[PDB]
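Starting off, we have a lone chain in the form deposited in one PDB entry, written out as structure tokens.
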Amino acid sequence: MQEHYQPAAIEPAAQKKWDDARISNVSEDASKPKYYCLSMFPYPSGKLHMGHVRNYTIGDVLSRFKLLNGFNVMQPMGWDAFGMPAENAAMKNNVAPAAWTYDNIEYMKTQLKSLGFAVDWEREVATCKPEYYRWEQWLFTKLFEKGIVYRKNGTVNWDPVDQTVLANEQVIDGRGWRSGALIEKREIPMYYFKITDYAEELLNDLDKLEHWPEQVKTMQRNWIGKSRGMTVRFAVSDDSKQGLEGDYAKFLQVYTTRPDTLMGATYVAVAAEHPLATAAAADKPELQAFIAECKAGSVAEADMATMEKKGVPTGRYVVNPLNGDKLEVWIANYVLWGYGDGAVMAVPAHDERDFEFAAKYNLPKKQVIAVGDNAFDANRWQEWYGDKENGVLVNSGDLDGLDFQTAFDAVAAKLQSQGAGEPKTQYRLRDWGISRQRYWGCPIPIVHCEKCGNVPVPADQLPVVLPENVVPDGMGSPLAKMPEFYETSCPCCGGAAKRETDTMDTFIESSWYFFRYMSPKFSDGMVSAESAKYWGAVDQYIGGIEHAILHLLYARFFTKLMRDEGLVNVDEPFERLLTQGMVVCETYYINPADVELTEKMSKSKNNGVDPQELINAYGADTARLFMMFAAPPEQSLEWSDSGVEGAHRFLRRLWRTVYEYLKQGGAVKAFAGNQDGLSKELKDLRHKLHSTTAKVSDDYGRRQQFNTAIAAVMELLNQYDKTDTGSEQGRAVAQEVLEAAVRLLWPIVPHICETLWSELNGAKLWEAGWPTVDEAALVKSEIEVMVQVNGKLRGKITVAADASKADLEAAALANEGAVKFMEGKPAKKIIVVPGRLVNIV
């Protein structure tokens, strides 16, 4: 064995040994339990960053831990290759997005292989390849036939100067990012997933996820935004029907989640697009200007929660169906057309938004809810005004004295008796718009025929291949200007027709890639039935909480869609979630590596430290160890050159330790079996050993805290250094300690542990398996305790080292000599000195 640690030499050698053994190249082996450990596949931007390193080391630690415990572990890797960053690099360097993407994949793959991740590279996928996206095109056409995917006009942001559609992330102050021209709102036909049909399923199935973080489930619930409220109809007064047609001439319909406060309504508010707003503003210019300012605004919830709530009266009146009061209709900028009825009631006494709105305009505030002892001040807002669990109704006539739910049910029955309302469930969730006016994305498998309409491409003709020899320029998608692409024949009539030129939301590819990993070479479906039945669902998912909402929601939606199609039989894709904290680095006034002598490392400010320089300078094991040791996985990690130095010296210490042990007599059989007769020092070392094994096993398997597991192995080595292991039984225990230490650290730093193991033991490491805990090594020695009766030694008892004072009291009173000297009398007191004596008085 060589004396000094050389990661540049041993890490390539250890990587080829694993590759030649094909331990990571797994199949649907029914003779072993499966474990699917998935890390979020990266966008092939060009180079890895320490964020990738931390994420994929965490996944590799869990994967290698399960492999050592005898699991058939699948840890697949892939490339989220579609999206804008390639389209922006295409216009910068004048290259095709495909060639720019494949150059990055090939390079980033070599960077990943040099880190030693136990990856099944035979299951690699690239989402921009037709062999992949043909199956999301297939699912598109199948759901299109069922109406789950439909075509409908939607609003987009049009740039009149750049001649392109812009996302809201590129529209600032009503203007284009790289143009600055006033952005128009255009209605164009687009495609949507009817995800609202699955809202109740997407909400309730969260209860099945017993191992998800509670805040992630909370974020999913708030995004869906289910509310159980009441539809309420206010009859339009006789004097307020001018110019109103249809149902809008008779009643104003609103939606409310507080029908228990309907007796407290003092006014109602409609959206600027509501027919009551249009009819009232017909001869009032002040209302026409208000409606225009509302339309010329942002429905962005961010801007809406920060905007000044404004309103103007209309002079039109509606009638409350419970108490008969005539209420004036206001046009308000916070009422949104398209959400519910486009109109709401207002209860300023029990809704904070309505209180401030009515405080500005001096509208009445009628209390209809009391919370026991609290006092109601119409000029102040307390937090209990909107209390829904402890409130009780007042000023409600029939409903006085009821709680929220009882008043809810009673108002429901009263409104249905008069035909003026009914219970209604609503969701803030809107349908999922698929269409993107971009080139570098999955083509939409629709053919437009002037005789047949929007026609789906038959399954025999899939995929619709995206042409790769394209250099986008940013002034409109090139597909709309390529007649050789969109000119086609209608698959229903055969006449001249046009292909859809929009591409798909890149969230589509990440919504089902975890299933494609199960059979990435399958050509008869999204995923083969056999591999789907074997792998089931993802056992462990590792990625940012930034994706806790849309990505997870879309992935869960696609899982149920594919299940309903009979492709899979699981309800949820991910059983467990691990969210790693971001990696941060000091900024300088550019990469710190190009600098000589603190925010998230991202492409935005180019703070990302290139892992390849750390690998060349210290090796992959030093990189992996520093990531897992600096902080818990969920906690943020700060880049520290001092941190990578301490990690490398520990690996030098681990190497030096095994070398010095083998220099002093070579390898022997590891100690095992009965440890009676071992010296006290060697028993304590074995106790520390199997205590460390239990602690590392618990930190990998349950807590998923890797920094503490490394610290535990460090403590075991510290006690090893202070232990004389020169004797024959001493050498046997030293062999047992080192054989476990290198296996406990193998998931973190597999390169050095693989090399050290084969110098210690001739068997394959992954066949010796995860170290077991010898429970006998955890039992400490027994102690003899003196028994006293009124201070006189009456006998002795043999006590356990873990015995409580109650155990010594129980054992001291059972002593024969005690009972004989106690003369059948009780003890007014029983003093207990643990580990010395117990005296009964």
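Start at 1 with the first residue shown and count on from there.
Separately, the form deposited in another entry exists; it is not shown, and the next lines address it.
Visitor: Considering only the rigid-body turn between the shown form and the other one, which single choice in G338, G147, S227, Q635 is at the hinge?
Guide: Residue at the hinge, from the list: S227.
Visitor: Distance change of 3 Å or more between the C-alpha atoms of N606 and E106 in the other entry: closer or farther compared with this structure?
Guide: Relative to this form, farther apart in the other entry.
Visitor: Answer with closer or farther for the CA-CA spacing of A302 and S636 in the other entry compared to the shown form; it moves by 3 Å or more.
Guide: They are closer; the C-alpha distance drops by 3 Å or more in the other entry.
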